[PDB]
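Chemist: Just run.cif, nothing more (mmCIF, C-alpha atoms and all ligand atoms):
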data_run
#
loop_
_atom_site.label_atom_id
_atom_site.label_comp_id
_atom_site.auth_asym_id
_atom_site.auth_seq_id
_atom_site.Cartn_x
_atom_site.Cartn_y
_atom_site.Cartn_z
CA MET A 1 108.07 79.55 115.05
CA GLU A 2 105.49 81.18 117.33
CA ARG A 3 102.35 82.81 115.93
CA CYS A 4 101.08 85.74 118.03
CA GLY A 5 101.44 86.61 121.76
CA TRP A 6 97.73 87.31 122.44
CA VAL A 7 96.92 84.33 120.20
CA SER A 8 98.22 81.66 122.57
CA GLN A 9 96.20 83.57 125.20
CA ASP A 10 92.85 81.93 124.39
CA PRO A 11 90.71 80.44 121.54
CA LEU A 12 88.70 83.69 121.18
CA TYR A 13 91.81 85.57 119.98
CA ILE A 14 92.75 82.62 117.74
CA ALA A 15 89.41 83.05 115.93
CA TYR A 16 89.98 86.81 115.47
CA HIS A 17 93.60 86.15 114.50
CA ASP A 18 92.41 83.68 111.84
CA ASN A 19 89.27 85.64 110.85
CA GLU A 20 91.25 88.61 109.42
CA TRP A 21 94.24 90.16 111.22
CA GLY A 22 94.62 92.77 108.48
CA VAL A 23 95.12 90.29 105.61
CA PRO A 24 92.14 91.22 103.31
CA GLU A 25 91.49 94.64 101.73
CA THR A 26 88.82 96.50 103.70
CA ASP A 27 85.54 97.97 102.45
CA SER A 28 84.19 101.38 103.46
CA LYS A 29 81.36 99.57 105.26
CA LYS A 30 83.65 97.37 107.38
CA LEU A 31 85.86 100.42 107.99
CA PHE A 32 82.95 102.04 109.84
CA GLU A 33 82.28 98.94 111.95
CA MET A 34 85.98 98.52 112.82
CA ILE A 35 86.46 102.13 113.97
CA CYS A 36 83.31 101.67 116.07
CA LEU A 37 84.51 98.67 118.10
CA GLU A 38 88.12 99.85 117.89
CA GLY A 39 87.13 103.16 119.56
CA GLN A 40 85.78 101.26 122.59
CA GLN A 41 89.25 99.77 123.37
CA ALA A 42 90.11 103.18 124.86
CA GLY A 43 91.20 102.33 128.42
CA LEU A 44 89.36 99.04 127.81
CA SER A 45 90.85 95.75 126.54
CA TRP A 46 90.31 94.54 122.95
CA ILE A 47 88.89 91.23 124.25
CA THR A 48 86.47 92.97 126.63
CA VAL A 49 84.92 94.69 123.63
CA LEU A 50 85.24 91.54 121.49
CA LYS A 51 82.63 89.75 123.62
CA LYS A 52 80.49 92.90 123.49
CA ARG A 53 80.98 92.91 119.71
CA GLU A 54 78.92 89.72 119.52
CA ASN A 55 76.11 91.20 121.66
CA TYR A 56 76.50 94.71 120.19
CA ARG A 57 76.14 93.55 116.58
CA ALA A 58 73.08 91.57 117.69
CA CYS A 59 71.27 94.79 118.67
CA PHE A 60 73.03 96.99 116.07
CA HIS A 61 72.60 94.17 113.51
CA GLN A 62 71.20 96.96 111.26
CA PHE A 63 74.56 97.29 109.44
CA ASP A 64 73.03 100.58 108.22
CA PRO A 65 75.00 103.67 109.40
CA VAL A 66 72.12 105.88 108.18
CA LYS A 67 69.70 104.35 110.72
CA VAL A 68 72.46 104.58 113.35
CA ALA A 69 72.30 108.35 112.90
CA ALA A 70 68.59 107.80 113.53
CA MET A 71 69.25 105.86 116.73
CA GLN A 72 68.66 108.44 119.48
CA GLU A 73 69.14 108.20 123.26
CA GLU A 74 65.77 106.45 123.51
CA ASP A 75 67.41 103.59 121.61
CA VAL A 76 70.57 103.58 123.76
CA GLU A 77 68.38 103.64 126.90
CA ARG A 78 66.78 100.29 125.96
CA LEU A 79 69.96 98.78 124.42
CA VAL A 80 71.95 98.91 127.68
CA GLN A 81 69.37 96.31 128.75
CA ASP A 82 69.37 94.51 125.41
CA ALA A 83 71.58 91.45 126.02
CA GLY A 84 73.24 93.63 128.69
CA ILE A 85 75.85 95.00 126.27
CA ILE A 86 78.51 97.34 127.70
CA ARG A 87 76.09 99.46 129.74
CA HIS A 88 77.27 103.02 129.05
CA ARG A 89 74.74 105.30 127.34
CA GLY A 90 77.39 108.05 127.36
CA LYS A 91 79.88 106.19 125.14
CA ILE A 92 76.97 104.81 123.09
CA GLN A 93 75.76 108.37 122.36
CA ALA A 94 79.22 108.91 120.84
CA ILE A 95 78.51 106.00 118.47
CA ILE A 96 75.36 107.74 117.16
CA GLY A 97 77.38 110.92 116.57
CA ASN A 98 79.89 108.82 114.61
CA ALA A 99 77.08 107.91 112.19
CA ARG A 100 76.28 111.58 111.47
CA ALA A 101 79.96 111.95 110.54
CA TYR A 102 79.52 108.95 108.22
CA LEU A 103 76.82 110.86 106.35
CA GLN A 104 79.13 113.90 106.33
CA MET A 105 81.73 112.02 104.27
CA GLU A 106 79.00 110.74 101.94
CA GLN A 107 77.64 114.25 101.46
CA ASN A 108 81.21 114.88 100.37
CA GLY A 109 81.12 111.68 98.29
CA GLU A 110 84.39 110.54 99.93
CA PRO A 111 84.37 106.84 101.05
CA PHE A 112 86.24 106.09 104.31
CA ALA A 113 88.50 103.56 102.58
CA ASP A 114 89.31 106.08 99.84
CA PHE A 115 91.10 108.60 102.10
CA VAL A 116 92.53 105.90 104.41
CA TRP A 117 94.12 103.79 101.67
CA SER A 118 95.31 107.17 100.35
CA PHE A 119 97.22 107.88 103.59
CA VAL A 120 99.31 104.74 103.01
CA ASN A 121 99.66 105.70 99.32
CA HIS A 122 97.20 102.92 98.40
CA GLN A 123 100.08 100.53 99.19
CA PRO A 124 100.72 98.00 102.04
CA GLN A 125 103.22 98.84 104.80
CA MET A 126 105.84 96.30 105.94
CA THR A 127 106.80 96.65 109.62
CA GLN A 128 110.39 95.62 110.50
CA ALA A 129 109.49 95.21 114.19
CA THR A 130 110.10 91.86 115.95
CA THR A 131 108.07 91.99 119.21
CA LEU A 132 104.83 93.69 120.27
CA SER A 133 107.04 96.15 122.18
CA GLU A 134 108.81 96.92 118.88
CA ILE A 135 105.43 97.56 117.25
CA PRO A 136 104.67 101.32 116.81
CA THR A 137 101.40 102.73 118.18
CA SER A 138 101.83 106.08 116.42
CA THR A 139 102.73 105.98 112.71
CA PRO A 140 102.43 108.94 110.28
CA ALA A 141 99.44 107.31 108.57
CA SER A 142 97.85 106.35 111.91
CA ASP A 143 98.46 109.83 113.34
CA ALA A 144 97.08 111.48 110.20
CA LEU A 145 94.02 109.23 110.49
CA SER A 146 93.05 110.27 114.04
CA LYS A 147 93.31 114.01 113.34
CA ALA A 148 91.33 113.53 110.10
CA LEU A 149 88.54 111.46 111.68
CA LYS A 150 88.56 113.77 114.71
CA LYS A 151 87.77 116.66 112.38
CA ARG A 152 84.75 114.81 110.94
CA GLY A 153 83.45 114.70 114.52
CA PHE A 154 84.60 111.13 115.02
CA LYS A 155 85.18 110.48 118.72
CA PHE A 156 87.25 107.67 120.28
CA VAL A 157 90.05 107.86 117.68
CA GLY A 158 93.10 108.05 119.99
CA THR A 159 96.52 107.58 118.38
CA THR A 160 96.24 103.90 119.35
CA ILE A 161 92.78 103.74 117.74
CA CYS A 162 94.08 104.78 114.29
CA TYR A 163 97.09 102.45 114.53
CA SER A 164 95.08 99.53 115.95
CA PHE A 165 92.46 99.98 113.19
CA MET A 166 95.00 99.81 110.32
CA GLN A 167 96.63 96.82 112.03
CA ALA A 168 93.53 94.59 111.62
CA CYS A 169 91.99 96.30 108.56
CA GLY A 170 94.80 95.17 106.18
CA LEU A 171 96.59 98.45 105.42
CA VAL A 172 99.76 97.28 107.23
CA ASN A 173 101.30 93.93 108.14
CA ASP A 174 102.97 93.99 111.58
CA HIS A 175 101.78 91.26 113.98
CA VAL A 176 105.41 91.03 115.14
CA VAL A 177 107.26 89.84 112.02
CA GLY A 178 107.86 86.08 112.07
CA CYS A 179 104.27 85.39 113.16
CA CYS A 180 104.37 81.73 112.08
CA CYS A 181 104.84 82.97 108.49
CA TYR A 182 104.88 86.76 107.98
CA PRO A 183 104.73 87.52 104.19
CA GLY A 184 106.68 90.32 102.45
CA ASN A 185 109.88 88.29 101.95
CA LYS A 186 109.65 86.85 98.43
CA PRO A 187 105.83 86.98 97.76
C1 LIG B 1 95.21 92.93 120.26
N1 LIG B 1 94.38 93.69 119.31
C2 LIG B 1 93.95 93.18 118.17
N2 LIG B 1 93.20 93.80 117.26
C3 LIG B 1 92.82 95.07 117.45
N3 LIG B 1 92.04 95.66 116.54
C4 LIG B 1 93.23 95.71 118.63
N4 LIG B 1 93.03 96.99 119.14
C5 LIG B 1 93.67 96.93 120.26
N5 LIG B 1 94.29 95.77 120.57
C6 LIG B 1 94.00 94.96 119.49
ZN ZN B 2 99.83 86.89 114.05
#
Would you put the structure from the file into structure tokens?
Ligand SMILES: Cn1cnc(N)c2ncnc1-2
Ligand SMILES: [Zn+2]
Modeler:
Amino acid sequence: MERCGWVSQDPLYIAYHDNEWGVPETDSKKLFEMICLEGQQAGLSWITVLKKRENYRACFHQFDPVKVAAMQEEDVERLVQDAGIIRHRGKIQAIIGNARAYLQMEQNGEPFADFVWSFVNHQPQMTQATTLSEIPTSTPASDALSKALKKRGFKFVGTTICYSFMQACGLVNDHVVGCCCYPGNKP
């Protein structure tokens, strides 16, 4: 039985595959971090951002979305030189805007995980696909997620962004069915 296609690609994916390929329930806090790195995969590769995730968290190690809304262009100007993360003040400015949207949901008292888990009916989704090509990049819950986050002023939420986010968050199980031991049979 084979595990995952991008897993045999290199040890870095093996760590991410074993760290949490959507197996644990997600918290509203991690939901914000995931949509942040997940948004960068637009046109870019997930591994390209993965390396930047290590450097990016180093500078953004504040894990405090409120301060992120306080991070202005002056901060992105110096950060492009901090560790040499993905130099791109433009896309980084979008990240700061994402924080203001985070406060918008809080002003509404609605946690990110609350409405997301609600889209999947607070229940896990079993994918009957067999290969990555058989994996859907646009599901009703993923499509509903992008339009919803887009309304909150959340940028970088393409249809693949919503689907890729649920894939690793834990809302759905769909590596490719048969990934070494895909659950959902008798468990
Ligand atoms: C291969 N892969 C794994 N995890 C994610 N979150 C991804 N987003 C795009 N591609 C991804
Ligand atoms: Zn897998």
Chemist: Just the residues within 10 Å of segment 104-110 of chain A, please, counting only C-alpha atoms, with nothing from its chain fewer than 4 positions along; format it as a list in words.
Modeler: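 My list of contacting residues is residues 28, 98, 99, 100, 114, 115, 152 and 153 of chain A.
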Chemist: Using all atoms listed in the file, which of the listed residues (A:52, A:3, A:17, A:155) sits closest to ligand LIG 1 (chain B)?
Modeler: A:17
Chemist: Could you tell me how far atom CA of residue 25 of chain A sits from atom CA of residue 170 of chain A, in Å to one decimal place?
Modeler: 5.6 Å
Chemist: Grab me every residue within 6 Å of ligand LIG 1 (chain B), counting all atoms listed in the file, and send it over as a list in words.
Modeler: residues 38, 46, 164, 165 and 168 of chain A
Chemist: How would you write, as a short mmCIF file (atom, residue, chain, number, x, y, z; two decimals) with C-alpha atoms, in the coordinates of the input, the set of residues no farther than 10 Å from ligand ZN 2 (chain B) when counting all atoms listed in the file?
Modeler:
data_model
loop_
_atom_site.label_atom_id
_atom_site.label_comp_id
_atom_site.auth_asym_id
_atom_site.auth_seq_id
_atom_site.Cartn_x
_atom_site.Cartn_y
_atom_site.Cartn_z
CA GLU A 2 105.49 81.18 117.33
CA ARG A 3 102.35 82.81 115.93
CA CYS A 4 101.08 85.74 118.03
CA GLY A 5 101.44 86.61 121.76
CA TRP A 6 97.73 87.31 122.44
CA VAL A 7 96.92 84.33 120.20
CA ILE A 14 92.75 82.62 117.74
CA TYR A 16 89.98 86.81 115.47
CA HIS A 17 93.60 86.15 114.50
CA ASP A 18 92.41 83.68 111.84
CA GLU A 20 91.25 88.61 109.42
CA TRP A 21 94.24 90.16 111.22
CA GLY A 22 94.62 92.77 108.48
CA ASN A 173 101.30 93.93 108.14
CA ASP A 174 102.97 93.99 111.58
CA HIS A 175 101.78 91.26 113.98
CA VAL A 176 105.41 91.03 115.14
CA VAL A 177 107.26 89.84 112.02
CA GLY A 178 107.86 86.08 112.07
CA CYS A 179 104.27 85.39 113.16
CA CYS A 180 104.37 81.73 112.08
CA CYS A 181 104.84 82.97 108.49
CA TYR A 182 104.88 86.76 107.98
#
Chemist: Which of these residues is nearest to residue 112 of chain A, using only C-alpha atoms: A:145, A:15, A:1, A:126?
Modeler: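 Distance minimum relative to residue 112 of chain A lands on A:145.
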Chemist: Check the smallest atom-to-atom distance from each of A:135, A:30, A:62, A:101 to residue 113 of chain A using all atoms listed in the file, then report the winner.
Modeler: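 That would be A:30, the residue with the smallest distance to residue 113 of chain A.
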Chemist: Rounded to one decimal place, report the atom CA of residue 136 of chain A-atom CA of residue 161 of chain A distance in Å.
Modeler: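 Straight-line distance from atom CA of residue 136 of chain A to atom CA of residue 161 of chain A works out to 12.2 Å.
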Chemist: Taking only C-alpha atoms into account, which of A:158, A:97, A:24, A:90 comes nearest residue 71 of chain A?
Modeler: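 Among the listed residues, A:97 lies closest to residue 71 of chain A.
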Chemist: I'd like the neighbourhood of residue 53 of chain A as a PyMOL selection string, where a residue qualifies if any of its atoms comes within 12 Å (using only C-alpha atoms), though same-chain residues fewer than 5 positions away should be ignored.
Modeler: chain A and resi 16+33-34+36-41+46-48+58-61+83-86
Chemist: What separation in Å, quoted to one decimal, exists between atom CA of residue 72 of chain A and atom CA of residue 95 of chain A?
Modeler: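 Between these atoms lies a distance of 10.2 Å.
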Chemist: Which one is closest to residue 147 of chain A: A:70, A:162, A:92, A:103? Count all atoms listed in the file.
Modeler: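 Of the candidates, the smallest distance to residue 147 of chain A is held by A:162.
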Chemist: Given all atoms listed in the file as the basis, pick out the residue of A:69, A:80, A:166, A:50 nearest to residue 137 of chain A.
Modeler: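 Looking at the shortest contact to residue 137 of chain A, the residue is A:166.
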Chemist: Can you sort out segment 33-49 of chain A so it carries N, CA and C atoms, written as a PDB file, in the coordinates of the input?
Modeler:
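And here's out_36.pdb as it stands now:
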ATOM      1  N   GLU A  33      82.509  99.860 110.808  1.00  0.00           N
ATOM      2  CA  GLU A  33      82.280  98.940 111.950  1.00  0.00           C
ATOM      3  C   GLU A  33      83.575  98.809 112.759  1.00  0.00           C
ATOM      4  N   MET A  34      84.684  98.680 112.091  1.00  0.00           N
ATOM      5  CA  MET A  34      85.980  98.520 112.820  1.00  0.00           C
ATOM      6  C   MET A  34      86.281  99.742 113.681  1.00  0.00           C
ATOM      7  N   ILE A  35      86.157 100.922 113.145  1.00  0.00           N
ATOM      8  CA  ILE A  35      86.460 102.130 113.970  1.00  0.00           C
ATOM      9  C   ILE A  35      85.469 102.197 115.130  1.00  0.00           C
ATOM     10  N   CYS A  36      84.305 101.625 114.970  1.00  0.00           N
ATOM     11  CA  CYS A  36      83.310 101.670 116.070  1.00  0.00           C
ATOM     12  C   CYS A  36      83.760 100.789 117.233  1.00  0.00           C
ATOM     13  N   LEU A  37      84.057  99.540 116.982  1.00  0.00           N
ATOM     14  CA  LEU A  37      84.510  98.670 118.100  1.00  0.00           C
ATOM     15  C   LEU A  37      85.912  99.094 118.517  1.00  0.00           C
ATOM     16  N   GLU A  38      86.727  99.441 117.564  1.00  0.00           N
ATOM     17  CA  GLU A  38      88.120  99.850 117.890  1.00  0.00           C
ATOM     18  C   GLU A  38      88.107 101.065 118.823  1.00  0.00           C
ATOM     19  N   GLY A  39      87.161 101.954 118.669  1.00  0.00           N
ATOM     20  CA  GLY A  39      87.130 103.160 119.560  1.00  0.00           C
ATOM     21  C   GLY A  39      86.873 102.739 121.009  1.00  0.00           C
ATOM     22  N   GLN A  40      86.106 101.706 121.209  1.00  0.00           N
ATOM     23  CA  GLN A  40      85.780 101.260 122.590  1.00  0.00           C
ATOM     24  C   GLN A  40      87.021 100.717 123.330  1.00  0.00           C
ATOM     25  N   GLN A  41      88.057 100.316 122.637  1.00  0.00           N
ATOM     26  CA  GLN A  41      89.250  99.770 123.370  1.00  0.00           C
ATOM     27  C   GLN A  41      89.950 100.886 124.140  1.00  0.00           C
ATOM     28  N   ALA A  42      89.439 102.085 124.105  1.00  0.00           N
ATOM     29  CA  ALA A  42      90.110 103.180 124.860  1.00  0.00           C
ATOM     30  C   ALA A  42      90.055 102.856 126.352  1.00  0.00           C
ATOM     31  N   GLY A  43      91.190 102.660 126.967  1.00  0.00           N
ATOM     32  CA  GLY A  43      91.200 102.330 128.420  1.00  0.00           C
ATOM     33  C   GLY A  43      90.644 100.925 128.632  1.00  0.00           C
ATOM     34  N   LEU A  44      89.934 100.407 127.666  1.00  0.00           N
ATOM     35  CA  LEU A  44      89.360  99.040 127.810  1.00  0.00           C
ATOM     36  C   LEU A  44      90.231  98.040 127.036  1.00  0.00           C
ATOM     37  N   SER A  45      90.029  96.770 127.255  1.00  0.00           N
ATOM     38  CA  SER A  45      90.850  95.750 126.540  1.00  0.00           C
ATOM     39  C   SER A  45      90.146  95.335 125.243  1.00  0.00           C
ATOM     40  N   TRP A  46      90.907  94.960 124.250  1.00  0.00           N
ATOM     41  CA  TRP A  46      90.310  94.540 122.950  1.00  0.00           C
ATOM     42  C   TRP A  46      89.396  93.324 123.151  1.00  0.00           C
ATOM     43  N   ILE A  47      89.752  92.425 124.028  1.00  0.00           N
ATOM     44  CA  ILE A  47      88.890  91.230 124.250  1.00  0.00           C
ATOM     45  C   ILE A  47      87.612  91.627 124.991  1.00  0.00           C
ATOM     46  N   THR A  48      87.694  92.556 125.900  1.00  0.00           N
ATOM     47  CA  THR A  48      86.470  92.970 126.630  1.00  0.00           C
ATOM     48  C   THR A  48      85.436  93.434 125.624  1.00  0.00           C
ATOM     49  N   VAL A  49      85.858  94.208 124.668  1.00  0.00           N
ATOM     50  CA  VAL A  49      84.920  94.690 123.630  1.00  0.00           C
ATOM     51  C   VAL A  49      84.584  93.558 122.663  1.00  0.00           C
TER      52      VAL A  49
END
